[PDB]
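Undergrad: sequence isn't available, so here's the structure alone:
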Ligand SMILES: [K+]
């Protein structure tokens, strides 16, 4: 009875057992401590190292539209993610997505639109610290990206401008914090670490938006190599450069803890209604044809 | 000392249902530790689907190692035919995200109204094939004259039909005529009705849900989205599940429900009889193979 986009909680759990105690979904730790999860008010649960989960907890989570995924996939994009399967989704959106996807020109047009959404999010979702997104250098980065997107004749061309856009923004944030930044997942520095961690939050909220509309992850708009993971990453990338990147670099520069950083992500998603934002934008991609 | 239940999916019995155990990594291998103390290894080469049923759990290490060996995990209620959580099944399990060839072909079929109608006629005829294949040692003899007249009437209507509307007409007549025959066989007055408290209607309602369950798994295993029905309305959530389940609702659910109601079974016993029939006669594989026939042609 709570709207999907109105759910405000989400979690990345480590070194604990997720189970049902006293009719509550909760996680139990080695010290005996039990912490509960508001199952009717939770967007997703991510499961990291040293975790386990029972079918009983899965049943309650799935019955309340909570998505569950594992941060280790066995291989970044190999994320194992379990969706609710018994509560049937709306049909209208996926039916329109299919017609959109099969039409190679409508698909290219949709791809350009979901790319430009990154620009819209960048100017809408701002922060009172770090990089001023309205300065001349970011304005130039945005313009070069927008014109390149407006003019491409192939998906492979779109990936070129997409790569340049993201990489240039990385360099601008690196300059702001006087660090030499190089994107690497294995890297132990807090900048890459908080980026990786924050991207799980972008993933989780993006899968949720897609599940809410019943649109399959197997129909991505941006394809080609390398561009693997499914539609969820096209959606998550909308807020990757606008929300996750500045939040991560801010946290890393202050020596913020993981707990505090994760809280800043959740707080920002709630304050700016990001889940509702993603859902509405995907739905408009889906219908206005 | 139960180890696993194997279910035939298509050509191989590569779906394992596990119950009352912890799935974990031991000695660099995925295993499941049971309450009795027994630990069993998971055969990667022979396993494609693992269903986690009642009293199960899994660690992040096991989940990770299973995925590395191309093993898909789903969560289900007891029996293994009531899945409530799983990922979507794509073309191949890791290196690419594209819909399965079955989903791709189903989509093409669904967008073409002339092919959609042809598919709708064939799934109705599958209902007839199930009626003669899946028989029972009790109740209605489906090979008597009265039932034969119902089938011939239904088959003639489906053949001559030129619209989905006409198909739905013959479909209704076929089902309620079977209701009448089973009511006549068990010598009872029966009007189909969800709001009734009698065991016959309750077992039909409950049994139909079991049929939706196994139909849901059949579509899922092929990576086919259930938002693309052939006969049920396009606005009907999970409409395709109901279309597939209708194949066995009159051949399996209907006689089992009337038999359970006649012998005064409990809800527990009734479900077990449905699940047992599903397992014994490989009903999941039956549905999967039929769905493949529809879109592969
Ligand atoms: K395998």
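TA: All right, it came through fine. Numbers count the residues shown, from 1 in each chain, chains lettered A, B, ... in the order given.
Undergrad: what about the helices in the stretch 101-250 of chain A?
TA: A:104-124, A:136-151, A:155-176, A:190-213, A:231-239, A:245-254 (DSSP state H, counting those that start in this stretch).
Undergrad: buried sites along the third one?
TA: With burial defined by 16 or more other CB atoms under 10 Å in any protein chain shown, the residues of helix A:155-176 counted as buried are A:155, A:158-159, A:161-162, A:165-166, A:168-170, A:172-173, A:176. C-beta coordinates here come from the backbone N, C-alpha and C atoms, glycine included.
Undergrad: format the helices of the stretch 101-250 of chain A as TSV; extra columns: distance to chain B.
TA: TSV is the format used below for the helices of the stretch 101-250 of chain A (distance: least, CB to the nearest CB, whole Å):
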stretch	distance to chain B
helix A:104-124	13
helix A:136-151	22
helix A:155-176	14
helix A:190-213	10
helix A:231-239	8
helix A:245-254	23
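Undergrad: among these, which is the most enclosed?
TA: Stretch with highest mean neighbour count among these: helix A:231-239 (a mean of 25; mean count of other CB atoms under 10 Å in any protein chain shown).
Undergrad: quick revisit: dump the helices of the stretch 101-250 of chain A to TSV, plus distance to residue A:90.
TA: Below are the helices of the stretch 101-250 of chain A laid out as TSV (distance: least, CB to CB, whole Å):
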stretch	distance to residue A:90
helix A:104-124	19
helix A:136-151	30
helix A:155-176	28
helix A:190-213	7
helix A:231-239	16
helix A:245-254	32
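Undergrad: can I take it that residue A:86 is in a helix?
TA: No: under DSSP: H, G, I helix; E, B strand; the rest coil, residue A:86 falls outside any helix and is assigned coil.
Undergrad: which residues touch it?
TA: Residue A:86 sits next to A:62-63, B:82-84, B:216 when contact means CB atoms under 8 Å, 6 or more residues apart in numbering or on different chains.
Undergrad: phi, psi of the closest residue to residue A:176 other than its chain neighbours?
TA: Leaving out its chain neighbours, the residue that sits closest to residue A:176 by CB to CB, 6 or more residues apart in numbering or on different chains is residue A:131, at 4.9 Å. Phi and psi for residue A:131, reported as degrees, to the nearest 10, are phi -80, psi 130.
Undergrad: residue A:19 in helix, strand or coil?
TA: Here residue A:19 is recorded as strand under three-state DSSP.
Undergrad: so it touches residue A:56, yeah?
TA: Yes: the criterion here is CB atoms under 8 Å, and residue A:19 meets it with residue A:56 at 6.7 Å.
Undergrad: spatially, which residue comes closest to the residue most central in space within chain A, not counting chain neighbours?
TA: Residue closest to the average C-alpha location in chain A (CA atoms, centre = their mean): residue A:202, at 1.8 Å. In space, residue A:202 comes closest to residue A:236 once its chain neighbours are excluded; the distance is 4.1 Å by CB to CB, 6+ apart.
Undergrad: surely that neighbour and residue A:198 touch.
TA: No: Residue A:236 lies out of contact with residue A:198 (CB under 8 Å); the separation is 10.4 Å.
Undergrad: residue contacts, the residue of the stretch 151-289 of chain A found nearest chain B?
TA: For the stretch 151-289 of chain A, the residue closest to chain B is residue A:230, as judged by CB to the nearest CB, at 3.8 Å. By CB under 8 Å, 6+ apart, the contact set of residue A:230 is A:217-220, B:90, B:97.
Undergrad: let's go with 10 Å and repeat that
TA: By CB atoms under 10 Å, 6 or more residues apart in numbering or on different chains, residue A:230 lies in contact with A:77, A:79, A:81, A:207, A:210, A:216-220, A:223, B:88, B:90, B:96-98.
Undergrad: what touches both of residue A:236 and residue A:198?
TA: Here residue A:236 and residue A:198 have residue A:244 as joint contacts, going by CB under 10 Å, 6+ apart.
Undergrad: domain assignment for chain A?
TA: For chain A, the structural domains run A:1-91, A:92-289, going by curated CATH domains.
Undergrad: which residue is the nearest non-sequential neighbour of residue A:266?
TA: residue A:10 (6.0 Å).
Undergrad: three-state assignment of the one you found?
TA: Residue A:10 - assigned by three-state DSSP - is strand.
Undergrad: go ahead and confirm it touches residue A:67.
TA: Yes: with contact defined as CB atoms under 10 Å, residue A:10 and residue A:67 form a contacting pair (9.4 Å).
Undergrad: now do the shared contacts for those two.
TA: Joint contacts of residue A:10 and residue A:67 (CB under 10 Å, 6+ apart) are A:42-46, A:204-205, A:208.
Undergrad: who are the contact partners of residue A:80?
TA: Contacts for residue A:80 (CB under 10 Å, 6+ apart) come out as A:47, A:68-74, B:60, B:63-64, B:66-67, B:72-73, B:87.
Undergrad: skipping adjacent residues, who's closest to it in space?
TA: Leaving aside its sequence neighbours, residue A:80 sits nearest to residue A:70 (CB to CB, 6+ apart; 4.5 Å).
Undergrad: and for residue A:201?
TA: Nearest to residue A:201 is residue A:265, by CB to CB, 6+ apart, at 4.6 Å.
Undergrad: secondary structure element for the one you found?
TA: Using DSSP states H and E, residue A:265 maps to helix A:258-271.
Undergrad: need the residues that contact that helix.
TA: Helix A:258-271 has contacts (CB under 10 Å, 6+ apart) with A:6-12, A:14, A:43, A:125, A:127, A:190, A:193-194, A:197-198, A:200-202, A:204-205, A:239, A:243-244, A:246-248, A:250-252, A:254, A:256-257, A:274-278.
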